[PDB]
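Each remark here refers to the structure printed beneath this line.
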Amino acid sequence: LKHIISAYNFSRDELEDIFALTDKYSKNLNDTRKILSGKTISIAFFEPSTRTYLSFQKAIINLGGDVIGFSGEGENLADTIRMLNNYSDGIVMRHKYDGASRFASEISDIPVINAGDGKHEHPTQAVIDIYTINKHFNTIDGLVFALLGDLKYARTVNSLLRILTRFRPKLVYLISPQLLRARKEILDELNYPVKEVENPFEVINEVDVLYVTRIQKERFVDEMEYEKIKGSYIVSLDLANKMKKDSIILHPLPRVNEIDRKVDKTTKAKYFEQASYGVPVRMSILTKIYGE
Amino acid sequence: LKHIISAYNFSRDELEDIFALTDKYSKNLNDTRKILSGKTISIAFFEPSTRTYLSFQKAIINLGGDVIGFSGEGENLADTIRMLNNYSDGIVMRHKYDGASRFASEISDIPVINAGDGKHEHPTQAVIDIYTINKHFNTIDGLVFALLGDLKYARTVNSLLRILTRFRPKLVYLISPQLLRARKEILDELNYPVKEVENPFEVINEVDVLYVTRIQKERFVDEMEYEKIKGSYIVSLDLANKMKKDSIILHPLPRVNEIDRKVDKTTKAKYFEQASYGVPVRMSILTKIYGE
Amino acid sequence: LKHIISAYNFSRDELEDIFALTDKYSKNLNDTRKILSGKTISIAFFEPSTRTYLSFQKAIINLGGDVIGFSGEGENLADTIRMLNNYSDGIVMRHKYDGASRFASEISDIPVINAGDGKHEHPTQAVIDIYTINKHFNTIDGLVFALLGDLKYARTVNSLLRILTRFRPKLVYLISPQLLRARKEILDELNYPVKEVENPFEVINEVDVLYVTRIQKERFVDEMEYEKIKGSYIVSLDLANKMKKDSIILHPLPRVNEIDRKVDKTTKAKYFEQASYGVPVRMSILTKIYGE
Amino acid sequence: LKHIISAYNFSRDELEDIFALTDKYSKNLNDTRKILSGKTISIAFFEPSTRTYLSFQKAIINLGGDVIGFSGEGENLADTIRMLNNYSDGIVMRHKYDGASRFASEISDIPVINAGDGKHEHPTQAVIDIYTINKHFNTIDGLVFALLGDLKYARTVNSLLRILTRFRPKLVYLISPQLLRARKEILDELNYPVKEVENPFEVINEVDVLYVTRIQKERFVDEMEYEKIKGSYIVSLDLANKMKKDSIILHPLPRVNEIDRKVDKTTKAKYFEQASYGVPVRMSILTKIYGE
Amino acid sequence: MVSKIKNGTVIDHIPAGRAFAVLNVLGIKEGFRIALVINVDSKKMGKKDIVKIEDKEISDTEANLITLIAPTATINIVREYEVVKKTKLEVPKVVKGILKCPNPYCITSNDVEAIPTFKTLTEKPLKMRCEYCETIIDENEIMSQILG
Amino acid sequence: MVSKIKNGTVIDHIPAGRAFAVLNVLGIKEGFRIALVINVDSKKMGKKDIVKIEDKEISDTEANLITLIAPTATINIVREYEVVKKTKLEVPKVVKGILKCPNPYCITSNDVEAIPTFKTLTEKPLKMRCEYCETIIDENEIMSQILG
Ligand SMILES: [Zn+2]
Ligand SMILES: [Zn+2]
């Protein structure tokens, strides 16, 4: 590992390794090896996200690195990448344009970690999601997944569907309105079975993992088609109760109201734990790039 | 050295010293003396610039200092300076009002480093430019310079023309449209020869150093006078080819389109290296203030 | 006739009458009977349109009426209607909310003429369109129509499909992208045959009347689906040449670029003449309300 | 006369005629011949001006015409011109684009009167200015003029310099800052002597007519060059007192502060009378187009 | 370097590199045959381009537009392999379409139906003027609108 | 309809009208001589264009780009009047520069240094994919980017 731009940058072997390092770092001992000691990572979030900025910041600090960075704001991505190369030993970037990280990674000598590019990918988030799943079931092979909500414009879904190709899912249910369906291009990449469906109550009873993404108003024919459809891609307390005893509900946070807040008190709610592995998982990805 | 508000704060002797320290710090060893250990520098960029913020930040960290700062945003400059004096051991500031740093430096007990005030000066940038020039030619005396573009409202030109008075340039060509000419006040300060000219192809063949500044639309009679003139103060690949074998092209970055991007592949392009000395040069200026 | 809120307010008999009066008023003699002499019509265009404001204004003046009105700009529609009832003898209104005219007409004692409500209707525009068609072919029964572009959110299409039910069209082709299809509710009202189709070159050769509406970007999944589709719902010079010798192209103006401007020089272009009947047609509708 | 787009549309003979009709209409009898009776003029002020809108409106009403119009606010100028041709018998338009009226006049069958296009012309204003001058001195030939203020971007100056070519001025002083000088193109059209000058006190003693235009801040190198220069292109009470006994001061209103308000009490102030001839002069231009 | 033409127009002596610009200036880019050679030897010019348009005899009006970028060019009209007219190029009085007005506030720079029109003011050093807004353009602006 | 070439490349059998687009696709538009004929008779195609580039032997890489708009074209390399290679055109694997990405949010549609790159996904009905954003384009989008 060097550039982390796509979920395809990871092999199954690299992922099993990152999981083991995440176990170790989780068990938050005061002797973690400071593999980034004397190194500066720059966090270049052209498109802001405080949750994710702070999460990489804390990983980098836990490993002994110094952090520089910016958040927001006619200078070329290439010129900025060049400058960060004078100033730092690696870059974590978040950008509004698809492919931005790919392109930075080709300009750049130091590693570049994609923390979100446009609607294309967010690979570290996918690593966090599968880490949470494998932690719960001691496996990823054999599981039955359902992705619920917007599956067309969500980079986390794109990264999760791609990373799952390093594993053997039994089946991935794609549950969305007709409008928010996974694009053809992305479905032709996959090497595991998938089935499109409009209502989650049809198959909720079968699914090991339910992964939800927000539907946004700002994305519809008119406000009336959104108001008619919005209601049935929420994770309600009733949809939670119809899931199997051992199943989990996942969501890459923040949330607004796509999850009934009463759900956070059930044992199936796992999105809180999911956000909590973010730091050790990113420490591990960083350890695989700089410390091996 | 204490306050760095004008390029006139430097003597020829202090500059030769800063160059030697820059050589040493460039050769980026892992034993740099942490002269700012236990010290906090505040970076007070009332007028933002990420490139320059990060550059002083990294210098200060390379020397063992802690950084605090802000960027942007009815509180008096004097009250802010007072507060930074409770919180820190020196201040690097960037402001929209001419003379701001001068004034801070008189309110303040800790050192104040001007990283840009209005259209007046940016002295550390001038130190970086002459460092790059002296590195290339083993001298500044005897060279033939040409400054190209806006020479009226560019604080980097003002700081470069003033710092060059500690040296003996053969000649400084001032190449601008009539509108963007160096002000009378600044030309009467200089102690070396200068000649005003409208087209660079008249004398390009003679010049050791070509230093370019952007012309901005937002500065003209009408958009038509700008569109008529803009074209011939760009550094084109053809203007580059008509320069001598040993000459260099300089620009205090960022750029938009005042330099043809094909130029970045010629050996005469030196603006990339120029931005890359920013950190060691500022480490050196900091070492002259705090570590001697 | 009294309130004109829907195209359904007109019978086939009233329409044949309006056509005859339009012939007479067109032939623009200097002896037109001033049926609105001593009357004030208020033009209440809560949602502005200068083209249509001026058109009713001129009709009202040609008939000897005085005009008052406003254009644009927390006061209730009902209170405004009440006030216009103190001030005037009839109201022509344009509003952003569907059903607005219907509602005004129930509050109001003087007549109310809908000149556009939301995305619901514009009945006088439909009367102008069929007047133009009947003028050209000496009939509306038996014709083969094609409506091209946005058929979901265009109030002129809604009013034209409804008014055509007072006649016997051979067939109405509905040609739109999947997204911009006529709503189910409106299709179940119709009493004549209709067929949905995605490309106009499939049936252009058959159609007596081609009526086009703009597709707007601001109405799509993303800008890429719009850029992919936009091109083939333009009336191009080539689509014009494949139409029959006697056919006409209609568009309720203004246009932006949904009609190639070279088309305006062919004999099939009839949108200019169509806008030119606006005034006599509205004079006639006004004569049927006030002068009979 | 038909289209009035440039001051060049008028001959010396047509102008002497308009003056005589203006005398007659001024002497505001209650028997003015209603040459626009039964006619509708549309006032199409794409770029608003209430003073001028109302002035043409009142002229048109004094002559028995009906007025329609709009003020302000992607529809083509050509389509609007076409529509006004259905609705009206002539057009008075004001537009932000140079040449707009010229272009309308070529699309249009009814007359088109330019009431301001961009920075190019305002011919009716020039007719009003020379009417005022000829009224005062019983002549235009032989006078010594001075134009003061902005002479580059003022369409009234452009129209006045062009209309004066139908006459024999002794001399036209052009008094402006260097920046606001009459363009070369316009000076090469003139057939009478002209002399450029920076300060009005040099020649004020010689001038029959002083015509002033505002200098705007929004037009300068920086706010400091404007603040340095602004003061000496005002008509001060002192500059008024140094003019000859019989001379006049003219300004096409509105004013802000380019004329000391104490001047409005001297006998040389003629800008109030100048605005007051606007209506009869425009009645006369209208009478030459429609009533002869 | 190209074959003889039965009927049409031969435009010889175009500056090397400017044949594509001559076609644009004539509105050509369908039906009829065209041939070009670019950068061939010319005894008087060093290098040159040549354009041949079968079956079209270029008018004097269209041909005078060619002077805006190829003032040395020569135009021959050909019938049955024989040259029947060597046209004398003049500077055009008016130019609609080919040239834009550099004033962004000119009606021609904003309304599609408002086609740019320049009237020649002097032939000599060539200056032309916009008929809508009076903006002046010189040989240099002319040539870089067309050779781009 | 044009003379024989001593050294270089002959591109025959281009669809009528597309020679200018073949030159663009090769980056050509200075030094060397070029000749074209447009709309001449072809026994198999009806009509056709022909391009001849003196002194340049086109590579297989540059030549495979020609298939994007002229898949029937044939390429001959010529030395001393003799054809020394008839090149076998294939569909290119990668296309940098010639084709833009229709996604306005792709880094290649926004950063000048970020040069558009498409990798061919299927040859068969031709689909190509953006390497930055995975947007797919078909023969129709391909051809109307280049023939405009
Ligand atoms: Zn113009
Ligand atoms: Zn792309």
Side-chain angles (χ1 to χ4, degrees), chain C residues 1 4 18 21-45 48-71 84 87-94 110-115 124-125 127-128 131 275-292, chain D residues 34-45 53-54 56-71 80-93 108-111 286 290:
Chain C
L1 294 174
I4 302 300
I18 279 149
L21 287 158
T22 301
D23 291 347
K24 166 165 79 87
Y25 286 150
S26 257
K27 277 164 222 159
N28 197 99
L29 316 100
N30 68 142
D31 67 356
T32 120
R33 206 179 279 314
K34 303 313 209 62
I35 77 130
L36 257 22
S37 162
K39 280 179 190 305
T40 292
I41 303 308
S42 60
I43 298 174
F45 267 31
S49 161
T50 289
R51 169 176 296 261
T52 305
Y53 191 111
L54 258 38
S55 161
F56 272 101
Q57 192 172 179
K58 187 72 192 330
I60 292 159
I61 281 173
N62 280 350
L63 257 11
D66 296 292
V67 181
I68 62 170
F70 54 95
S71 181
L84 303 171
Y87 298 157
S88 73
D89 293 311
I91 294 168
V92 183
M93 61 178 288
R94 182 186 263 217
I110 72 193
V112 177
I113 284 175
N114 186 4
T124 70
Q125 189 48 51
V127 183
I128 292 165
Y131 172 78
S276 90
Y277 296 138
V279 169
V281 167
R282 288 166 167 145
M283 291 170 64
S284 300
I285 291 165
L286 257 0
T287 298
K288 277 230 98 86
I289 291 164
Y290 288 100
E292 292 173 5
Chain D
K34 303 313 209 62
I35 77 130
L36 257 22
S37 162
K39 280 179 190 305
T40 292
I41 303 308
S42 60
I43 298 174
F45 267 31
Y53 191 111
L54 258 38
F56 272 101
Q57 192 172 179
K58 187 72 192 330
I60 292 159
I61 281 173
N62 280 350
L63 257 11
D66 296 292
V67 181
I68 62 170
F70 54 95
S71 181
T80 299
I81 297 312
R82 285 166 194 130
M83 156 200 95
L84 303 171
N85 275 78
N86 303 330
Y87 298 157
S88 73
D89 293 311
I91 294 168
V92 183
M93 61 178 288
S108 182
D109 291 319
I110 72 193
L286 257 0
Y290 288 100

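In what follows, every heavy atom counts, from backbone to side chain, and hydrogens, waters and symmetry copies are set aside. We name chains A, B, ... by the order of the sequence lines, and we start the count at 1 in each one.
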Any D/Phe56 side-chain heavy atom under 4.5 Å of D/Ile41 side chain: no
Check against side chain to side chain contact (heavy atoms under 4.5 Å, CB included), D/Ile68 and C/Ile61: CA-CA 10 Å; D/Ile68 62 170; C/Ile61 281 173; 4.2 Å; yes
What distance do D/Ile60 atom CD1 and D/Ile35 atom CD1 have between them, rounded to the nearest 0.5 Å? 10.5 Å
Taking only residues two or more places apart in sequence or in another chain, which ones pass ring pair (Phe, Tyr, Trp, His ring centres under 6.0 Å) with C/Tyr277? C/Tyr131
Between C/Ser276 and D/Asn86, do the side chains contain an N or O donor and an N or O acceptor separated by less than 3.5 Å? no
Counting distance only, does the side-chain N/O of C/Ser284 pair as donor-acceptor with the main-chain N or O of C/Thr22 below 3.5 Å? yes
Any pair counted as salt bridge (charged side-chain N to carboxylate O under 4.0 Å, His left out), so long as it reaches residues 283-292 of chain C, sequence neighbours left out: C/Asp17-C/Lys288, C/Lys288-C/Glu292
Show your reasoning for whether side chain to side chain contact (heavy atoms under 4.5 Å, CB included) applies to D/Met93 and D/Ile81. CA-CA 10 Å; D/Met93 61 178 288; D/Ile81 297 312; 4.2 Å; yes
When you look at C/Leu54 and D/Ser42, which way does the side chain to side chain contact (heavy atoms under 4.5 Å, CB included) test go after all the steps? CA-CA 9 Å; C/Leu54 258 38; D/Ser42 60; 6.0 Å; no
Considering residues, nucleotides and ligands other than C/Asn30, do more than 12 of their heavy atoms fall under 6.0 Å from its CG? no
Okay, side chain of D/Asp89, backbone of D/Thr40: is any donor-acceptor separation there less than 3.5 Å? yes
Among C/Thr32, C/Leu21, C/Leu36, exactly one meets side-chain contact (heavy atoms from CB on, under 4.5 Å) together with C/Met283. Which residue is that? C/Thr32
Take D/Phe70 and C/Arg51, measure what side chain to side chain contact (heavy atoms under 4.5 Å, CB included) needs, and give me the verdict at the end. CA-CA 10 Å; D/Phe70 54 95; C/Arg51 169 176 296 261; over 6 Å; no
Spacing of OG belonging to C/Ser71 relative to CD1 belonging to C/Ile43, to within rounding of 0.5 Å: 10.0 Å
Option from C/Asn62, C/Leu63, C/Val279 for which side-chain contact (heavy atoms from CB on, under 4.5 Å) with C/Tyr25 holds: C/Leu63
